[PDB]
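What follows is a single chain, given as structure tokens, in the form solved without the partner chain.
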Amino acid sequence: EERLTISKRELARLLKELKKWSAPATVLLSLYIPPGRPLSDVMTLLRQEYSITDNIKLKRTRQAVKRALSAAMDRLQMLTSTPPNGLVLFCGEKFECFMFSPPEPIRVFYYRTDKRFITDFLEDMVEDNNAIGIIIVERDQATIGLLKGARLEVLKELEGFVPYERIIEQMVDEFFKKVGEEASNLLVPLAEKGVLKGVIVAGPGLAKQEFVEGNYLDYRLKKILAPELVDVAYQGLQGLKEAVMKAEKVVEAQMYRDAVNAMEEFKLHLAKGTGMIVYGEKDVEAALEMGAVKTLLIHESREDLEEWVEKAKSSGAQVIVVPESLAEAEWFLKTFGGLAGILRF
């Protein structure tokens, strides 16, 4: 029935709580059913899986799976045919059987028992297609990173040995192929899912130009290379940040630059005893009340996060959510309880 369908807005809410689920043994059921797939087929498959469970030497575990399997069968015998976007079920133990139709049509049947729910397919359509890949390249060292909204992370770091120029050239060549392969394995699936919109290549000196001109980078990634190479001095998280801040022509990076610029502006006011900031709940409240706040900075680990968002909607304040991964995030949370405002007066 079409009544089972939920939006991307509800899917994500649910996702935050599905992601919470865990178990010692592989006893949490995940089940995705495409529209093309008759429920009688699924029913036979679950029934087979049910007989197979006797193979589980281990009382509690064996029981656990049977119970979840039965719950899913119960659920399916409530329906006549799969909804138009398919069905997904998660069941297990505190026992529950989540069942719904996703905003997006699923196409690949999937069944699994694990120590957690498999949310894979669902996160991909709850997910803004706004990811940027970043490759920092040096002759003998590299960093591969990923930016989504304000979240920046290191995916992989690599090193090579590189002490006439012939042997050394060949050595650098080998390292660039390793970097190229590593980057491609990490980024190409993202690009294929449509999630990856671009790739920044950065680094000190000439190596990044050499890297880009050669065959190292898969053509799917080459296609969406940001036009301009970015000069950056460092590797690791630090170099990734620098490349993102300096890639001013990439639009998908603005949300991150906004968060960083806001944090720096906030700190500059602090450092210069300017009085152009507010902190402490009572103060932030009163500042908001008279429309005195231009930007509200809120650490994402605050439980009252959304309340301050509402309050900032009206009060006419821009909200910057500070991710836990932001460099100053922990300092911000420790010294200001993860709540502060920059004032317009």
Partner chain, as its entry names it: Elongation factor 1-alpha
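Positions refer to the first chain, counted from 1.
Below, we turn to the form solved in complex with the partner chain, even though it does not appear here.
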So which stretch, 83-91, 233-241, 216-224, 103-111, is the one near the partner chain in the bound PDB entry (non-hydrogen atoms, 4.5 Å)?
233-241
In the bound PDB entry, do 159, 167 and 206 all reach within 4.5 Å of the partner chain through at least one heavy atom apiece?
yes
Do residue 96 and the partner chain share at least one heavy atom pair within 4.5 Å in the bound PDB entry?
no
Non-hydrogen atom contact residue 271 with the partner chain in the bound PDB entry at 4.5 angstroms
yes
Using 4.5 Å between non-hydrogen atoms, is residue 193 touching the partner chain in the bound PDB entry?
no
Quick one: is residue 330 in contact with the partner chain in the bound PDB entry, heavy atoms, 4.5 Å cut-off?
yes
Contact with the partner chain in the bound PDB entry, heavy atom within 4.5 Å, among 177, 115, 267, 151 goes to 267
Based on the rigid-body movement between the shown form and the other one, can you say which of 279, 185, 127, 107 lies at the hinge?
127
Knowing the shift is 3 Å or more, I'd like to know if the C-alpha atoms of residue 321 and residue 126 are closer or farther apart in the bound PDB entry than in the shown chain.
closer
Which is it in the bound PDB entry for the CA atoms of residue 114 and residue 148, closer or farther than here, knowing they shift by 3 Å or more?
farther
